[PDB]
Every structure is written in C-alpha cells, then in structure tokens.
Amino acid sequence: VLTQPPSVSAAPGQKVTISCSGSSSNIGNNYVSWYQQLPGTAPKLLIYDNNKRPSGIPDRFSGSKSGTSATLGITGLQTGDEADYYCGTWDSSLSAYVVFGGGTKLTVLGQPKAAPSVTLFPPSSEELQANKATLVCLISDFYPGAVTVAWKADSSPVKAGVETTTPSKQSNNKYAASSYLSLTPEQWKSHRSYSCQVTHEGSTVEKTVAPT
Amino acid sequence: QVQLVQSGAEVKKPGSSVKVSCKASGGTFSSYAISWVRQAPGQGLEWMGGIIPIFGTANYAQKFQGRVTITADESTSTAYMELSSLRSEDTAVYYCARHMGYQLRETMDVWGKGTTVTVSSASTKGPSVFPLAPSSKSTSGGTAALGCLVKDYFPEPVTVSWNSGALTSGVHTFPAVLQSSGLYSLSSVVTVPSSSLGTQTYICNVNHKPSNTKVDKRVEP
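What about the overall build of chain A?
Argument step 1. From N to C terminus, chain A includes two helices and 18 strands.
Argument step 2. The C-alpha atoms of chain A give a radius of gyration of 23 Å, which is well past the 17 Å a tight globule of 212 residues would have.
Argument step 3. For chain A, the C-alpha atoms occupy an extent of roughly 70 × 40 × 25 Å along the three principal directions.
Argument step 4. Residue burial in chain A is summarised as follows: out of 212 residues, 45% are buried.
Argument step 5. Counted over contacts in chain A with a minimum sequence separation of 6, partners at least 24 positions apart contribute 58%.

Right, here's the structure in full:
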C-alpha cells in the first residue's frame, strides 16, 4: 500500500532517484527503510531511519523523506546496482503491520547490444515413439535481457501449447531464454513446417524445422 | 556477526500446512523482534507477521490471520512460521528477518536466505530424457549444438552435466518451464566442434534428486 514506479532504466555513471508514496499513517508518521534485492538473493537493508546507511553501504546511496513520500538516490550508477528496490515502513493503524512498496526494478543498461542466437530442435524420433512431440527453441547470448517469442505452424500463428521462460542472466552477463511448442505427432507431421520467431529490440530472428 | 539460518525447500499439496524455521546462529533472538516476509515468483515483498518474544507478543497481517502462526523457541534461538490450508498461490520464497531492536516498527537489518515453498497438486515424478541430436540445422561456423530435453518432472530441481563433469565449456543448461499439466521441462545444450562429431562421445547426466532418479543419455547424430 506504498506506491513506487514499477521500473526504471538508467546507464552507468548516471544519477537515479526512486520515489515511494504513502499516507499519514505509514510514511507520514514513521521512519522509511530501503531494501536492495539483487537477482536471486535475499533483500538487504540499504537505508534506514529515512537517510542512514548501515556499515558497508557506499555513500552513493542516500535517502530523504518529506510528508508522506520518500526518495532513494543512487549516484555514480554501476552495473552491480541492477536490482529490485523496495521501500518499507511501519503502518501505525490499530491493526498494525509492516508495509512495503511494490518494488522498483532498476535495469542498468551497461553492456553492448547483442542479438539472440537461436537454435530450434525438432522432436526426436524417441519422443515421437512415445506419442508426443516437443519443439525446443533455445535463445542465448542476447542483451538487453528481454525477448518476445512467437510460433508459426506453416505460416499461421500458434499460441496453444506454448511455454516460454523468463530471461535469465548467463555467466557472460548476456541473457538466455527457452520456448517450447507442444504438439501431437499428427500435428507435427501434417504441417509443412513450424517456426520459432524471436524478437529483440525490434529485430526478429527466426528458425524453422520440418518433419524429417 | 549473527546469521539467520532457515530450513530447506518444501513441496506441499493444496490443503496441507508447512512449518519453516529460522535459527539465529552466532547470535540470539532474545532482545529482538522477528518478522516473516514472503515473495511469490516475480512478485513483491509481503509481510506475513512477526513475533517479539521478550514481550510475549505476536502480530499478523489481516490477509493471513487464522492461517499463519509464528512462534519462537528461545532455548534454541529459533523462530518458526506455520502456514496452513495451503493454496498454489502460497508458492513463494519465505524470508526470516530480524529487526534492529524489539520493535516491529524498527528497520529489518538482518535477513535469512529464504526458504522456497512450492504448493502444487502434482505428484513427484522423474523426467523422460530425450536426445536433441546435432544436425546441419544446428551447425554453423564449424560448431554443432546438441542437447538433452529433460521433460515432465516434478518438482524442481534437476541438475545436468555432460560426460560426468569432464565437459563444461560450451555447456548451457536452461531454466525450466512449467506446463499446464503441473510438470516441468528444461533443456541443456552443448556446442562442440562439428568435426568432432564422429569420434567423441557426448553423454548428458540428468539428476532429479526429489524422485531419486538419475539418467545418462548419449546424444548422437
């Protein structure tokens, strides 16, 4: 019931601020804290008592509060600051609780652009013998970390039986994702071909497979 | 100095209950308030409740009242969160956090690493492993992609290695997808010199510890 922008994008060396808006019974009346959650990790306290830093938090991070709002500031932004940021405070209402903002996803665009490498596998004869058919679209080495995937049976869009993962960061700091098209062996054999189309920063890469 | 150590991942069916623990290792809970905060996949932080053992007090968010119970054992410096009548919507990571004092209104300066809780009607099941054979359509620039499709298992996790760990570079194991059936699938690829395809053996080693299943599968052209 605290309000933050859901997402912010910035570049290394920039300054960013993230705002948190509440009411008189939470922020207006209580101290604000800010929590950093790096991907795959637990939240960590960044700022408490509106503007105080725990030991070990660089002074690039600052906070302020006025009225029913609070602000987190980050100067000299680094790629390592890419994280979800949560404001938190106490709500003093008679049924009391800790209250958080919904979180701001801070994306730091700090690597070279990289188009996705796409590999599309047809169903194996082993899986066909098991009376199933799966097309496997593997998408790797792209940056920034967002793609959209569309599938085509011959030339028409197919949306049933599609499952696509969120992008995940690779060791080399590029991103990877997967998409799967589930078909029956009859569907697989009855069409001329199937296609996986990966769109990244408005450019489309496509792979196609066909029954044997 | 203090570290909050939480119990391991849990997998539960709808209607059951889960109890998660959080031990103050190298420290104590005696002087402090302790909260439980959860985070559903891709979602935000949600406070469930907290306990202040020194004042014999516990507090809960109205969303979870009647369903969540928080307790402490001071002989072992261990806090507990029990959530009953589980739904699939209760799938989340559950964090223990210690406050900077004995007030829940104080900041949360120490956090545990989280306990994953998965609620699903699915039953434990080992995967089928299908080979993703190298071909012209997966070969370019003198290197070929080949892989293993690890299909229809429950629950997470699965690990994949190649040639029993001897083959690591060029290996890419993708995060899993969840199908409408309730079962997961993932894939693992390795890119190799195309010229090596007739002479080197490529075997993926799939380990699914929740079902005590291991599969070794050679992948060939």
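From this point on, the discussion continues.
Regarding the sheet that holds strand 13 (residues 156-158) of chain A
Residues and elements named next belong to chain A.
Argument step 1. Read across the open sheet, the four strands follow the order 13-12-17-18; overall the sheet is antiparallel. Of all strands in the sheet, those bounded by a partner on one side alone are strand 13 and strand 18 (203-209). Neighbouring strand axes in the sheet, compared pairwise and without regard to direction, differ in orientation by 35 degrees on average.
Argument step 2. Taken together, the seven bridges between strand 17 (residues 194-200) and strand 18 define a ladder with antiparallel strand orientation. Across the sheet, residue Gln-197 finds its bridge partner in strand 18, namely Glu-206.

Remarks on the interface of chain A and chain B
Argument step 1. On the chain B side, the residues contacting the 38 residues of chain A number 45 residues.
Argument step 2. For the chain A and chain B pair, buried surface summed over both sides reaches about 3200 Å², with 67% attributable to carbon and sulfur atoms.
Argument step 3. It is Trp90(A), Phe100(A) and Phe121(A) that lose the most area in chain A upon contact with chain B, and together they represent 18% of the buried surface on that side.
Argument step 4. With a closest N to O distance of 2.7 Å, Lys217(B) and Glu126(A) form a salt bridge.
Argument step 5. For the pair chain A and chain B, the interface holds 10 residue pairs in polar contact.
Argument step 6. Top element by residues in the side of chain A that touches chain B is strand 11 (residues 133-142) of chain A. It accounts for five residues.
Argument step 7. Of the residues that constitute the side of chain A that touches chain B, the class distribution is 19 nonpolar, 15 polar and four charged.

The rules we used
Residues numbered from 1 in each chain as written, not as in the entry; some residues may be left out. Chains lettered and ligands numbered in written order. Heavy atoms only, no water. Helix = DSSP H or I, 4+ residues; strand = E, 2+ residues; numbered from the N terminus. Rg over C-alpha atoms; globule rule 2.2 N^0.38 Å. Buried < 20%, exposed > 50% of the residue type's maximum accessible area, 1.4 Å probe, protein only. Contact = heavy atoms within 4.5 Å. Pairing = 2+ DSSP bridges. Axes fitted to C-alpha atoms, helices over the stretch in contact; angles between N-to-C directions. Buried area = accessible area lost by both parts, 1.4 Å probe. Salt bridge = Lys/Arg side-chain N within 4 Å of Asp/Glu carboxyl O. Polar contact = N/O pair within 3.5 Å; in protein donor to acceptor, adjacent residues only side chain to side chain. Nonpolar A, V, L, I, M, F, W, Y, C, P; charged D, E, K, R; others polar.

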